[PDB]
């Protein structure tokens, strides 16, 4: 009972909703970042379990991917890490387009 379906909030104030998880682990949702337009997300959970998803920013040329795992101790918490890819015009600048960080979500 650490199911991803429902509403989540993070340490920076951002929100996300995740809908039902189908028999093959897939799910859909929305993400609202606190630092802003709803943007759709798409992902998968392995069949406690680990999971990944992609967020296609509706207001920026970027993409973010998240991966993580759901825990209990219980309070439920998703521990994630992400990559944020910026758009560059030339291949010469590719070296500077990827940022990395973390995020901890708890239920809303």
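Numbering follows the first chain given and starts at 1.
Peer 1: Using the PDB record, quantify the missing residues of the deposited sequence between residue 47 and residue 48 as none, 1 to 3, 4 to 9, or 10 or more.
Peer 2: According to the record, 4 to 9 deposited residues lack coordinates from residue 47 to residue 48.
Peer 1: So residue 73 and residue 74 are neighbours in the shown sequence, but is anything from the deposited sequence left out between them? Give the count as none, 1 to 3, 4 to 9, or 10 or more.
Peer 2: Per the record, 1 to 3 deposited residues are absent between residue 73 and residue 74.
Peer 1: Highest mean C-alpha temperature factor of the two stretches 19 to 27 and 80 to 88, which is it?
Peer 2: Between 80 to 88 and 19 to 27, it is 19 to 27.
Peer 1: Please compare 61 to 69 with 36 to 44 and name the stretch with the higher mean C-alpha B-factor in the deposited structure.
Peer 2: Mean B over CA atoms: larger for 36 to 44.
Peer 1: Going by the entry, which third of its chain does the Cα temperature factor of residue 4 land in?
Peer 2: Its C-alpha B-factor belongs to the middle third of this chain's values.
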